[PDB]
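Shown next: structure.txt, given as compact mmCIF, N, CA and C atoms.
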```txt
# COMPACT_ATOMS: atom_id res chain seq x y z
N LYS E 823 104.71 107.38 123.08
CA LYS E 823 105.16 106.84 121.80
C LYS E 823 104.97 107.83 120.65
N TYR E 824 104.04 108.78 120.80
CA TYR E 824 103.91 109.84 119.80
C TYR E 824 105.16 110.71 119.75
N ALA E 825 105.79 110.92 120.91
CA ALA E 825 107.02 111.71 120.95
C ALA E 825 108.21 110.95 120.38
N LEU E 826 108.20 109.62 120.48
CA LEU E 826 109.31 108.84 119.93
C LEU E 826 109.27 108.79 118.41
N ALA E 827 108.08 108.89 117.81
CA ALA E 827 107.98 108.84 116.36
C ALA E 827 108.69 110.04 115.74
N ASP E 828 109.42 109.80 114.66
CA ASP E 828 110.11 110.87 113.97
C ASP E 828 109.10 111.74 113.23
N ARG E 829 109.21 113.06 113.42
CA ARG E 829 108.24 113.99 112.85
C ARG E 829 108.90 115.09 112.03
N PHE E 830 110.21 115.02 111.79
CA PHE E 830 110.91 116.08 111.09
C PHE E 830 111.68 115.61 109.86
N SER E 831 111.83 114.31 109.65
CA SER E 831 112.58 113.79 108.51
C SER E 831 111.63 113.60 107.33
N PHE E 832 111.75 114.47 106.33
CA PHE E 832 110.98 114.37 105.09
C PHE E 832 109.48 114.36 105.36
N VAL E 833 109.02 115.33 106.14
CA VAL E 833 107.61 115.48 106.47
C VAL E 833 107.19 116.90 106.10
N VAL E 834 106.03 117.01 105.46
CA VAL E 834 105.47 118.29 105.05
C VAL E 834 104.06 118.40 105.61
N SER E 835 103.72 119.57 106.14
CA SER E 835 102.40 119.82 106.71
C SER E 835 101.59 120.69 105.76
N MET E 836 100.36 120.27 105.48
CA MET E 836 99.46 120.98 104.59
C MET E 836 98.30 121.53 105.41
N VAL E 837 98.32 122.84 105.66
CA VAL E 837 97.27 123.50 106.42
C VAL E 837 96.22 124.01 105.45
N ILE E 838 94.99 123.52 105.60
CA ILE E 838 93.91 123.79 104.66
C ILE E 838 92.75 124.45 105.39
N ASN E 839 92.15 125.44 104.73
CA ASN E 839 90.92 126.03 105.24
C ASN E 839 89.79 125.02 105.17
N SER E 840 88.94 125.01 106.19
CA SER E 840 87.82 124.08 106.26
C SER E 840 86.54 124.64 105.64
N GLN E 841 86.56 125.90 105.18
CA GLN E 841 85.39 126.46 104.52
C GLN E 841 85.11 125.76 103.20
N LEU E 842 86.14 125.17 102.58
CA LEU E 842 85.97 124.51 101.29
C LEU E 842 84.98 123.35 101.39
N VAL E 843 85.10 122.52 102.43
CA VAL E 843 84.23 121.36 102.59
C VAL E 843 82.91 121.71 103.27
N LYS E 844 82.68 122.98 103.59
CA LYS E 844 81.42 123.40 104.20
C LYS E 844 80.36 123.42 103.10
N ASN E 845 79.55 122.36 103.05
CA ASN E 845 78.50 122.25 102.05
C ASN E 845 77.53 121.16 102.49
N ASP E 846 76.27 121.30 102.07
CA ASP E 846 75.24 120.36 102.50
C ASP E 846 75.42 118.99 101.85
N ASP E 847 75.85 118.96 100.59
CA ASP E 847 75.91 117.73 99.82
C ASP E 847 77.33 117.18 99.67
N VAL E 848 78.29 117.69 100.44
CA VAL E 848 79.68 117.28 100.34
C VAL E 848 80.03 116.48 101.59
N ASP E 849 80.53 115.26 101.39
CA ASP E 849 81.04 114.45 102.49
C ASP E 849 82.54 114.69 102.59
N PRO E 850 83.01 115.38 103.64
CA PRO E 850 84.44 115.75 103.67
C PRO E 850 85.39 114.57 103.66
N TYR E 851 85.04 113.47 104.33
CA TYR E 851 85.99 112.37 104.47
C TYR E 851 86.12 111.58 103.17
N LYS E 852 85.01 111.33 102.48
CA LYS E 852 85.09 110.67 101.18
C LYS E 852 85.77 111.57 100.16
N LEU E 853 85.46 112.87 100.17
CA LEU E 853 86.11 113.80 99.26
C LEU E 853 87.60 113.90 99.53
N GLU E 854 87.99 113.91 100.81
CA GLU E 854 89.41 113.99 101.15
C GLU E 854 90.16 112.76 100.66
N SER E 855 89.55 111.58 100.78
CA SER E 855 90.20 110.36 100.30
C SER E 855 90.42 110.41 98.80
N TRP E 856 89.43 110.92 98.05
CA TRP E 856 89.58 111.02 96.61
C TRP E 856 90.70 111.98 96.23
N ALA E 857 90.82 113.10 96.94
CA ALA E 857 91.85 114.09 96.62
C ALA E 857 93.24 113.51 96.82
N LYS E 858 93.43 112.73 97.88
CA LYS E 858 94.72 112.09 98.11
C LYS E 858 95.05 111.10 97.00
N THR E 859 94.05 110.36 96.52
CA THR E 859 94.27 109.42 95.43
C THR E 859 94.69 110.15 94.16
N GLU E 860 94.05 111.28 93.86
CA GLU E 860 94.41 112.05 92.67
C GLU E 860 95.82 112.61 92.78
N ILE E 861 96.20 113.08 93.96
CA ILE E 861 97.49 113.75 94.13
C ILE E 861 98.64 112.75 94.18
N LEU E 862 98.37 111.51 94.62
CA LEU E 862 99.43 110.56 94.93
C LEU E 862 100.35 110.30 93.74
N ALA E 863 99.81 110.32 92.52
CA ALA E 863 100.61 109.94 91.35
C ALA E 863 101.80 110.87 91.16
N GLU E 864 101.59 112.17 91.33
CA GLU E 864 102.64 113.16 91.12
C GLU E 864 103.37 113.55 92.40
N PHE E 865 103.02 112.94 93.53
CA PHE E 865 103.66 113.28 94.79
C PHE E 865 105.07 112.69 94.85
N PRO E 866 106.01 113.37 95.50
CA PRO E 866 107.35 112.81 95.67
C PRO E 866 107.31 111.50 96.44
N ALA E 867 108.22 110.59 96.07
CA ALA E 867 108.17 109.23 96.61
C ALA E 867 108.61 109.19 98.07
N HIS E 868 109.60 110.00 98.44
CA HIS E 868 110.20 109.93 99.77
C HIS E 868 109.65 110.99 100.72
N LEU E 869 108.36 111.31 100.60
CA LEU E 869 107.76 112.36 101.42
C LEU E 869 106.47 111.86 102.04
N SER E 870 106.12 112.47 103.17
CA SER E 870 104.85 112.23 103.84
C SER E 870 104.20 113.57 104.15
N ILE Q 340 56.05 89.26 90.94
CA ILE Q 340 54.93 90.18 91.01
C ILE Q 340 53.65 89.37 91.12
N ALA Q 341 52.80 89.73 92.07
CA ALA Q 341 51.58 88.98 92.31
C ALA Q 341 50.65 89.05 91.10
N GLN Q 342 49.80 88.03 90.98
CA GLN Q 342 48.88 87.94 89.86
C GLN Q 342 47.96 89.14 89.82
N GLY Q 343 47.72 89.65 88.62
CA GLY Q 343 46.86 90.81 88.44
C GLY Q 343 47.52 92.14 88.69
N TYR Q 344 48.83 92.17 88.89
CA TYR Q 344 49.55 93.40 89.18
C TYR Q 344 50.75 93.53 88.26
N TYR Q 345 51.18 94.77 88.04
CA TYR Q 345 52.37 95.06 87.27
C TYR Q 345 53.25 96.04 88.04
N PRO Q 346 54.57 95.95 87.87
CA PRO Q 346 55.47 96.84 88.63
C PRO Q 346 55.53 98.23 88.01
N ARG Q 347 55.30 99.24 88.84
CA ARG Q 347 55.39 100.63 88.44
C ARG Q 347 56.60 101.26 89.13
N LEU Q 348 57.47 101.88 88.34
CA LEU Q 348 58.75 102.35 88.85
C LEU Q 348 58.59 103.69 89.56
N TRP Q 349 59.00 103.73 90.83
CA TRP Q 349 59.10 104.97 91.60
C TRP Q 349 57.77 105.71 91.71
N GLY Q 350 56.69 104.95 91.88
CA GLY Q 350 55.41 105.53 92.25
C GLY Q 350 54.73 106.32 91.14
N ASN Q 351 53.82 107.20 91.58
CA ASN Q 351 53.02 107.98 90.64
C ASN Q 351 53.89 108.97 89.86
N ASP Q 352 54.74 109.70 90.56
CA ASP Q 352 55.59 110.72 89.93
C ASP Q 352 57.05 110.32 90.09
N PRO Q 353 57.66 109.72 89.07
CA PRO Q 353 59.06 109.28 89.20
C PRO Q 353 60.03 110.45 89.32
N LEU Q 354 59.91 111.41 88.40
CA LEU Q 354 60.88 112.50 88.34
C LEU Q 354 60.87 113.34 89.61
N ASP Q 355 59.69 113.53 90.20
CA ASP Q 355 59.61 114.24 91.47
C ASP Q 355 60.34 113.47 92.57
N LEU Q 356 60.18 112.15 92.59
CA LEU Q 356 60.85 111.34 93.61
C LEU Q 356 62.36 111.37 93.44
N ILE Q 357 62.85 111.34 92.20
CA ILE Q 357 64.29 111.39 91.96
C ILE Q 357 64.87 112.72 92.41
N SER Q 358 64.16 113.82 92.13
CA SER Q 358 64.64 115.13 92.55
C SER Q 358 64.48 115.36 94.05
N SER Q 359 63.77 114.49 94.76
CA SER Q 359 63.54 114.67 96.18
C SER Q 359 64.80 114.38 96.98
N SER Q 360 64.79 114.83 98.24
CA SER Q 360 65.92 114.56 99.13
C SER Q 360 65.94 113.11 99.58
N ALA Q 361 64.77 112.47 99.66
CA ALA Q 361 64.67 111.06 100.01
C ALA Q 361 64.70 110.15 98.79
N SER Q 362 65.35 110.58 97.72
CA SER Q 362 65.35 109.82 96.48
C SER Q 362 66.04 108.47 96.68
N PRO Q 363 65.46 107.37 96.20
CA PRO Q 363 66.16 106.08 96.25
C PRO Q 363 67.36 106.02 95.31
N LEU Q 364 67.46 106.93 94.35
CA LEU Q 364 68.59 106.99 93.43
C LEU Q 364 69.60 107.99 93.98
N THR Q 365 70.84 107.55 94.14
CA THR Q 365 71.91 108.37 94.69
C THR Q 365 73.05 108.42 93.68
N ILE Q 366 73.44 109.64 93.29
CA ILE Q 366 74.51 109.86 92.33
C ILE Q 366 75.63 110.61 93.04
N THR Q 367 76.85 110.07 92.96
CA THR Q 367 78.00 110.62 93.66
C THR Q 367 79.16 110.75 92.69
N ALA Q 368 79.79 111.92 92.67
CA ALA Q 368 80.99 112.16 91.88
C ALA Q 368 82.11 112.63 92.79
N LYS Q 369 83.34 112.43 92.34
CA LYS Q 369 84.55 112.79 93.09
C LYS Q 369 84.61 112.10 94.44
N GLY Q 370 83.99 110.93 94.56
CA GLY Q 370 84.06 110.16 95.79
C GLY Q 370 83.05 110.57 96.85
N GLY Q 371 82.91 111.87 97.09
CA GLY Q 371 82.06 112.31 98.18
C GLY Q 371 81.22 113.55 97.92
N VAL Q 372 80.88 113.80 96.66
CA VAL Q 372 80.03 114.93 96.29
C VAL Q 372 78.70 114.37 95.79
N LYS Q 373 77.61 114.78 96.44
CA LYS Q 373 76.28 114.38 96.02
C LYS Q 373 75.77 115.33 94.94
N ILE Q 374 75.05 114.77 93.97
CA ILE Q 374 74.55 115.52 92.82
C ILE Q 374 73.03 115.56 92.89
N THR Q 375 72.47 116.76 92.85
CA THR Q 375 71.03 116.95 92.88
C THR Q 375 70.63 117.87 91.73
N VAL Q 376 69.53 117.53 91.07
CA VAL Q 376 69.01 118.30 89.94
C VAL Q 376 67.52 118.50 90.14
N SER Q 377 67.02 119.67 89.75
CA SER Q 377 65.60 119.95 89.83
C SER Q 377 64.83 119.09 88.83
N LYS Q 378 63.53 118.93 89.10
CA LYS Q 378 62.70 118.10 88.23
C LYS Q 378 62.60 118.68 86.83
N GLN Q 379 62.59 120.01 86.70
CA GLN Q 379 62.46 120.63 85.39
C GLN Q 379 63.66 120.32 84.50
N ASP Q 380 64.85 120.23 85.09
CA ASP Q 380 66.04 119.91 84.30
C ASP Q 380 65.94 118.52 83.69
N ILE Q 381 65.46 117.54 84.47
CA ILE Q 381 65.31 116.19 83.95
C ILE Q 381 64.21 116.14 82.90
N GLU Q 382 63.14 116.91 83.10
CA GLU Q 382 62.07 116.96 82.10
C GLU Q 382 62.58 117.52 80.78
N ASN Q 383 63.43 118.55 80.84
CA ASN Q 383 63.95 119.15 79.61
C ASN Q 383 64.80 118.17 78.83
N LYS Q 384 65.60 117.36 79.52
CA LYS Q 384 66.51 116.43 78.85
C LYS Q 384 65.82 115.18 78.33
N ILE Q 385 64.56 114.95 78.69
CA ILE Q 385 63.81 113.80 78.20
C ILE Q 385 63.19 114.16 76.86
N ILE Q 386 63.47 113.36 75.84
CA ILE Q 386 63.05 113.64 74.47
C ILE Q 386 61.85 112.77 74.13
N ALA Q 387 60.79 113.41 73.65
CA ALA Q 387 59.59 112.69 73.25
C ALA Q 387 59.79 112.03 71.89
```
Go ahead and render the structure in this file as structure tokens.
Amino acid sequence: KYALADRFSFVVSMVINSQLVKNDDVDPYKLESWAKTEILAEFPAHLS
Amino acid sequence: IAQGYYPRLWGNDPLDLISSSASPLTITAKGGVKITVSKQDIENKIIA
């Protein structure tokens, strides 16, 4: 079913270095969720 | 509070406990970034 899902129509891949979240006091998953919330407002509507 | 006793906040040394890694006070910004400050910084900002 992963192969049946459309993966090329209006999809963008963001490849990010993981050194940024390498820190003792940084929770990557909570920080990642916040970044998506901040970006969502200006993100294009018809994109993933 | 039991008779003959009064509540003391965060033990003998409060500021040391707050600056500790096992601090009961947890401050988080940007969703997943932990904030830690040395005891001297908190002492400087306290006004007599």
Please report, as CSV, each residue of chain Q lying at most 5 Å from chain E, together with the nearest pair of atoms and the separation in Å rounded to one decimal; use only N, CA and C atoms, and order rows by chain and ascending residue number.
```
residue,atom,partner,partner_atom,distance
Q:370,C,E:852,C,4.4
Q:371,C,E:849,N,3.9
Q:372,CA,E:848,CA,4.7
Q:373,N,E:847,C,4.0
```
- request: Just list the residues in chain E DSSP gives helix (DSSP H, G or I) on the backbone, as a list in words.
  value: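 So, restricting chain E to helix (DSSP H, G or I), we get residues 850, 851, 852, 853, 854, 855, 856, 857, 858, 859, 860, 861 and 862 of chain E.
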According to DSSP computed on the backbone, where in region 343-387 of chain Q is there strand (DSSP E or B)? Give the residues as a PDB file with N, CA and C atoms, in the frame of the given file.
```
ATOM      1  N   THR Q 367      76.850 110.070  92.960  1.00  0.00           N
ATOM      2  CA  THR Q 367      78.000 110.620  93.660  1.00  0.00           C
ATOM      3  C   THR Q 367      79.160 110.750  92.690  1.00  0.00           C
ATOM      4  N   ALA Q 368      79.790 111.920  92.670  1.00  0.00           N
ATOM      5  CA  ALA Q 368      80.990 112.160  91.880  1.00  0.00           C
ATOM      6  C   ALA Q 368      82.110 112.630  92.790  1.00  0.00           C
ATOM      7  N   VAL Q 372      80.880 113.800  96.660  1.00  0.00           N
ATOM      8  CA  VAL Q 372      80.030 114.930  96.290  1.00  0.00           C
ATOM      9  C   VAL Q 372      78.700 114.370  95.790  1.00  0.00           C
ATOM     10  N   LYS Q 373      77.610 114.780  96.440  1.00  0.00           N
ATOM     11  CA  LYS Q 373      76.280 114.380  96.020  1.00  0.00           C
ATOM     12  C   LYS Q 373      75.770 115.330  94.940  1.00  0.00           C
TER      13      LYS Q 373
END
```
- prompt: Hey, what's within 8 Å of region 376-380 of chain Q if we count only C-alpha atoms and toss same-chain stuff fewer than 3 positions away? As a ChimeraX atom specification, please?
  reply: /Q:354-355,357-358,383-384
field: For CA of residue 862 (chain E) and CA of residue 841 (chain E), the interatomic separation in Å (one decimal)
entry: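 Separation between CA of residue 862 (chain E) and CA of residue 841 (chain E): 23.3 Å.
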task: Quote the spacing between CA of residue 832 (chain E) and atom N of residue 865 (chain E) in Å to one decimal place.
output: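 Between CA of residue 832 (chain E) and atom N of residue 865 (chain E) the gap works out to 14.1 Å.
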- prompt: Can you tell me how far CA of residue 863 (chain E) sits from atom C of residue 836 (chain E), in Å to one decimal?
  reply: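 Taking CA of residue 863 (chain E) and atom C of residue 836 (chain E), their separation equals 18.4 Å.
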For region 368-382 of chain Q, what centre and edge lengths in Å (one decimal) does the axis-aligned box get once 8 Å is added on each side of all its listed atoms, as AutoDock Vina command-line options?
```
--center_x 73.3 --center_y 115.4 --center_z 89.5 --size_x 38.5 --size_y 26.5 --size_z 33.4
```
- request: Excluding residue 833 (chain E) and any residue of its chain fewer than 3 positions from it, enumerate the residues within 8 Å of it, using all atoms listed in the file, and give them as a ChimeraX atom specification.
  value: /E:828-830,836,868-870
